[PDB]
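Using the authors' numbering, the letters of the first sequence map in sequence onto residues 9 to 30, 32 to 118, 121 to 246, 249 to 290, 292, 294 to 312, 315 to 408, 410, 417 to 457, 469 to 797, 799 to 886.
Everything on this sheet refers to the single structure shown next.
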Amino acid sequence: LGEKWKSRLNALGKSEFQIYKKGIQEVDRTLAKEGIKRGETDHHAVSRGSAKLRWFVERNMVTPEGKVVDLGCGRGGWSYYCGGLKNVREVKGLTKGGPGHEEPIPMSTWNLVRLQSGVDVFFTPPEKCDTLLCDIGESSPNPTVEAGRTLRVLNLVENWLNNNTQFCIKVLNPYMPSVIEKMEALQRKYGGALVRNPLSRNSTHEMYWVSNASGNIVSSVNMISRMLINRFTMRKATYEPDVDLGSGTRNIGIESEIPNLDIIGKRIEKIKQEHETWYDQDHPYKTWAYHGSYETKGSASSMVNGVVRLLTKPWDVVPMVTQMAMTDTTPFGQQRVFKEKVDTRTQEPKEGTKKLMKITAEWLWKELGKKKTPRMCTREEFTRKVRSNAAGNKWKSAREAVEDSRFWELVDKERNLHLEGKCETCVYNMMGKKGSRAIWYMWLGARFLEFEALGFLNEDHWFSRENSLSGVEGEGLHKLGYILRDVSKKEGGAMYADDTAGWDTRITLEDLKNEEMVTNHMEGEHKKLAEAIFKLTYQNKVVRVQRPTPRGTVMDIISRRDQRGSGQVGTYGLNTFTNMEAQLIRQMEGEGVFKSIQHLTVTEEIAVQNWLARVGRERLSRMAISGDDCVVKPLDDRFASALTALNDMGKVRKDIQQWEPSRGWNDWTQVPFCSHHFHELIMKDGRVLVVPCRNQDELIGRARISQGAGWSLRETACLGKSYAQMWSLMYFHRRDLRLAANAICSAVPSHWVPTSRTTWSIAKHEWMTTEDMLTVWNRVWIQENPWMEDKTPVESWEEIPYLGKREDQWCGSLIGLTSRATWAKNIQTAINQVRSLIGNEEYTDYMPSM
RNA sequence: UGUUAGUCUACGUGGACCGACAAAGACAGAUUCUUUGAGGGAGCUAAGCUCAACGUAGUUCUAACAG
Ligand SMILES: [Zn+2]
Ligand SMILES: [Zn+2]
């Protein structure tokens, strides 16, 4: 049956073979090449078997625990993937080695992994193991030779397997009579079946002999044979996300967090009372202790931005914009992200680092407390802060809960209980977002007390540059660019920009003990509620998360005593404060103060305190920090190599191996702050300006994403208009971008007031106004620059310049190609066609077409 | 051992510009820039060099792979 398939498989041309191997679900390998070349020894792997193992493991087709015997590691994919699992006691690897064979490259993804390279698996006498993995195999343009290889491997491992032994063998010759007969003999005694992994590539008929099943392989063989017969004359190229693998050495000390019961007993009783009609043994958690589950009824739905899409004809064929705009729906993505990043444990710091963080937070709160004071907020402000598109366990909306009138009856008892530092309902709910970071919601009744406790941060502006000197609040995009323009004038060296990976999951237990110091200045019932919320909730998080197994979609509860401790709204300021602290400690390591981070003494503590109290404002002025992002201008060139105190805290940086040298910029035009780089432009009026910029394909694609739940066309047109307005008021230095903005504004009717969402990191969102764009441009980009003394109004758009061709093509463009020429020539046709497609109202001209 | 895109090491073919000449991109319109030929081949020739456009033969390497 399969001999014709094998004969025609080697009868294909080599070029067509390479084209045909990659339409299936192939995981991305673009970053794997960088990881090999740049020398990253952790994070995303390179072996194609790792994706197959990930697919098989999460559905419990295999149960890898106890003793592990591997038969060939390739580059180390199977060995290192299972080296970090919770219950894998020992990892033993024997690579065939020698010339002509695939050889593993040492990595640091391994404490219990022992590799003896250069030894065939046939040199080893028959030994029994808990779970065995088989990968080694060579395909040749003769089926008999690979059949003999399969026969010899099966004959060797025949004495190795038993009923108790788990196994994952990748069968390379599953369609020959003798191997099939032997497999049938084995499956009638031990169990396991031949299944094709959809993540396996179509290089050949590679099957997997699974152990968590006992069905007959006949149907699977027939189905896969038919599918691969009809795949030759098929009537695609998609990438799946690369599975995170973490880094470091596994330890048995911090494994799992003990769930304290005297705080969550009533909460779990309340959770159980919801169904009572409620455990499971298919949970993959190793750091989240399960306590209950209940049967319940995919990922975030992506909506295309049609208005932007129609007018971006030159970018209709670029794959990046399309893939960022097209629908991406999978029924496993949420739990995929959950297991790859949130389920991972965090290495805890040591006494020296935690003490340094403790004293740094004390100094910082000493400094900011002398110019501000927390205030007891009021009820009316809570509804006033209902901005953004989320404006929504009965009900789910904020507006409805106010008029439900049960809200006060619920919150009264909680307010009374929070007086004495006791609580009963402070639960969370997390779901949705491909992103790789966690988003936290909160109960709206709990949201009310969270607001009444810590809502002063978003209004009193503790983190404004007046009291922060490094924050983003109180400083617009133009003002941030101006500050970056003055940082260069300030004496110093290189400008360093970094983006730490997994910031939310890397926040340790000690860090949450720094925010409690805000209770120092509070008083009365506000202080009592602050202490109660800081103790009862900020150190004990209950999360209800889904698991859609073939047995059903079950929501289960899990308790963790680490990571972020707030919702989606207050997280910004707290994260910014922690990031200022982290930048301060990293600079302290760079300059050189402490000679040992394992241990400390009073003298170093008081010296650090004096240094902080002396030059804290000066050091804060030099750094520009927004959320998890931070750009730094230190006073030394040795700032790059000081990473020991940085990774002692437990921060992991992506795009590079953790212990490799840092990356910085001596050019301030390409320093990414707030995920954007600033260009300087010279205009005819004798004054200088600054503008944001990035990969224009990224900007267009972000303009091509529509968010939310439920949608229409008017809001899409408003999105297009708002994107165009923001482009004109911020990115006016570009040709393609400004052309698109003036054509979308010329297409969407201007009688519709723009009130929509652009991003999440937007002060002074000027691009939601129906005013004349020239007027607002005049007011924001001439009047609002205190360095300018000659205010020269412009009554036409011929004055506003662009950048030269070199920088335009450097930051990504289409000038110098016939596509840009066609788009510029056909601006009339595109404008008219989108005007006809959207609607016809009285338009407002903002630029001449030519 | 190949498939597929590049590349350090060699030298030669061949060069650093002239405009109210012509044509095509950059639509902020400049001393406009860039690009190709017709006429000068900058009295008039040319290796060496700073670079690399072109080529022939690597005992030069990696890269989805391949065997
Ligand atoms: Zn509570
Ligand atoms: Zn740019």
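Note that beta-carbon positions come from the ideal geometry of N, C-alpha and C, so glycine has one too.
Residue environment for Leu381: buried (at least 16 other C-beta atoms within 10 angstroms of its C-beta).
Between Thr344 and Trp121, the C-beta spacing is not below 9 Å.
9 Å or more divides the Cβ of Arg280 from the Cβ of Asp533.
Taking each of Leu512, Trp220, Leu434 in turn and checking the Cα distance to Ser710, the smallest one comes out for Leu512. Closest in alpha carbon position to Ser56, among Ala659, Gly608, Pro727, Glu35, is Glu35. Residue range 274-288 is occupied by the alpha helix (DSSP H) that includes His288. Residue pairing by DSSP places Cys665 opposite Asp533, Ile660 in a beta bridge. With a threshold of 8 Å, the Cβ atom of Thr554 does not count as near ligand 1, since no heavy atom of the ligand is closer than that. For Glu626, the CB stays at least 8 Å from every heavy atom of ligand 2. Linking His556 to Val335 through their CA atoms gives a straight-line distance of about 55 Å.
Contact between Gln692 and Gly48 holds: CB atoms are separated by about 6 Å, below the 8 Å threshold. The criterion of a C-beta distance shorter than 9 Å is not satisfied by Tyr300 and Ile592. Residues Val324, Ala752, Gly755, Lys756, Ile874 of the same chain have their beta carbon placed closer than 7 Å to that of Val783, with the five preceding and five following residues left out of the count. Ligand 2 has no heavy atom closer than 8 Å to the beta-carbon of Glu715.
Beyond the five residues adjoining it in sequence on each side, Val190 comes within less than 7 Å, by CB distance, of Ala158, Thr161, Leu162, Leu165, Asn184 in the same chain, given in chain order.
Here the stretch 140-153 makes contact with the stretch 69-87; the two share three or more CB pairs at distances below 8 Å. Annotation: the continuous beta strand (DSSP E) that includes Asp591 extends over 587-595. Runs of alpha helix (DSSP H) with 4 or more residues, each lying fully within the stretch 166-233, are found at 188-198, listed in chain order. The alpha-carbon separation between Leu489 and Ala565 amounts to approximately 8 Å. Here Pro113 is buried: its Cβ has 16 or more other Cβ atoms, across all protein chains shown, within 10 Å. Around the beta carbon of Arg792, 16 or more other beta carbons lie within 10 angstroms, which makes this residue buried. When DSSP states are grouped into helix, strand and coil, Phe708 belongs to the strand group. When only Cα atoms are considered, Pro585 and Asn241 end up about 28 Å apart. For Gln644, the three-state secondary structure derived from DSSP is helix.
Taking C-alpha positions only, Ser308 is separated from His561 by approximately 36 Å. One thing to note: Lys389 has its Cβ within 9 Å of the Cβ of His496.
The three-state secondary structure of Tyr89, taken from DSSP, is helix. The alpha helix (DSSP H) runs of length 4 or more contained entirely in the stretch 47-95 are, from start to end of the chain, 58-67, 86-92.
The three-state reading of DSSP puts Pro331 in helix, counting H, G and I together.
Burial is judged here by how many other beta carbons sit within 10 angstroms of a residue's own beta carbon; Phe243 has fewer than 16 and is exposed. Between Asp360 and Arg582, the C-beta spacing is not below 9 Å.
Annotation for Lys101: no alpha helix (DSSP H) segment contains it, though the beta strand (DSSP E) segment containing it runs 97-103.
Measuring C-alpha to C-alpha distances from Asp683 to each of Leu434, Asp436, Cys82, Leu373 identifies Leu373 as the nearest. By the Cβ-count criterion, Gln351 is buried, with 16 or more other Cβ atoms from all chains shown falling within 10 Å of its own Cβ.
From the listed residues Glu624, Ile740, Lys358, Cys780, the smallest Cα separation to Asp881 is found for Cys780.
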